[PDB]
Amino acid sequence: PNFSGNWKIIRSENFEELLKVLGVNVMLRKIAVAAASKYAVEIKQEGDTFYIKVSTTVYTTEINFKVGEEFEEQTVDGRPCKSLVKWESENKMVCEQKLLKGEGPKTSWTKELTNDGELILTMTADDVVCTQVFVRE
Ligand SMILES: *C/C=C(C)/C=C/C=C(C)/C=C/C1=C(C)CCCC1(C)C
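To keep things clear, this report deals only with the structure shown in the data block.

When you go through the chain residue by residue, the secondary structure sums to two helices and ten strands. Secondary structure elements in the chain, listed N-terminal to C-terminal, are β-α-α-β-β-β-β-β-β-β-β-β. Taking 14 Å as the expected radius of gyration for a compact globule of 137 residues, we find that the chain reaches 14 Å, a close match to that expectation. Each of the three principal axes of the chain carries a C-alpha extent, and together these read 40 × 30 × 25 Å. Evaluated residue by residue, the chain yields a buried proportion of 38% over its 137 residues. On the chain, roughly 8,100 Å² of surface is accessible, and the fraction owed to carbon and sulfur atoms is 49%. When the 18 basic and 22 acidic side-chain charges of the chain are each reduced to a single mean position, those positions are 4 Å apart.

Applying the stated criterion across every chain, the model contains five salt bridges. Across the salt bridge formed by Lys53 and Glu42, the nearest N and O atoms sit 3.8 Å from each other. Note that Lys53 is positioned in strand β3 (residues 49-55) and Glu42 in strand β2 (residues 40-46), a separation of eleven residues in sequence. For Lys53, a relative accessible area of 28% translates into the label partly exposed. Salt bridges sharing partners connect three or more residues here, namely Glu16, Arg29 and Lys30.

We now examine a nonpolar patch on the surface. Together, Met27, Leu28 and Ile31 line one region of the surface with nonpolar side chains, adding up to about 340 Å² of accessible area. Relative to the elements of secondary structure, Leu28 occurs in helix α2 (residues 26-36). For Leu28, a relative accessible area of 54% translates into the label exposed.

Here we have ten strands laid out as an open sheet, ordered β4-β3-β2-β1-β10-β9-β8-β7-β6-β5, and antiparallel in their pairing. The open sheet terminates on both sides in strands that have one partner only, identified here as β4 (60-66) and β5 (71-74). Direction aside, the axes of adjacent strands within the sheet are offset by 30° on average. Where β3 lies against β4, seven bridges are found, and the strand directions are antiparallel. Paired with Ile52 across the bridge in β4 is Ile63.

The rules behind the values
- Residues numbered from 1 in each chain as written, not as in the entry; some residues may be left out.
- Heavy atoms only, no water.
- Helix = DSSP H or I, 4+ residues; strand = E, 2+ residues; numbered from the N terminus.
- Rg over C-alpha atoms; globule rule 2.2 N^0.38 Å.
- Buried < 20%, exposed > 50% of the residue type's maximum accessible area, 1.4 Å probe, protein only.
- Areas by Shrake-Rupley, 256 points an atom, 1.4 Å probe, with all protein chains shown as cover.
- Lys, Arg positive; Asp, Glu negative; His and termini not counted.
- Charge placed at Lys NZ, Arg CZ, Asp CG, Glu CD.
- Salt bridge = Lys/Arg side-chain N within 4 Å of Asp/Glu carboxyl O.
- Patch = residues over 30% accessible without salt bridge, like charges linked within 9 Å, V, L, I, M, F, W, Y side chains within 5 Å.
- Pairing = 2+ DSSP bridges.
- Axes fitted to C-alpha atoms, helices over the stretch in contact; angles between N-to-C directions.

The structure is reproduced here in structure tokens:
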């Protein structure tokens, strides 16, 4: 696997629906969808160690993890969670998230490097799956 790269989004599906399940009100969802339309993901991967920087026009966040080792991050709607990533195959990993406080929809994400060279992210809340596709810059 070489997930390392600078990735730029080309498609985002079901993102508003995801945010709706997570309780985000409609005006904010629309503004969030607009922010997603041009967002970028930078990945540095060394073996099972990942550094990820996710950025939009005005916000940037860093995710650092090793596969199989619990880490802390935030859900899509911004709630702190404990996360654990495992491989599903050579070039796809899945992350299960657990809220640090309170209750809510069951959330997760996946990251896949396709044979065609695209990066596919999925983000899930209960029954709703958002799929986003990126290409290398
Ligand atoms: C491996 C890549 C991952 C786990 C990417 C995660 C990206 C997000 C959680 C981005 C979420 C966004 C919002 C919460 C609002 C603005 C639009 C996004 C897509 C940048």
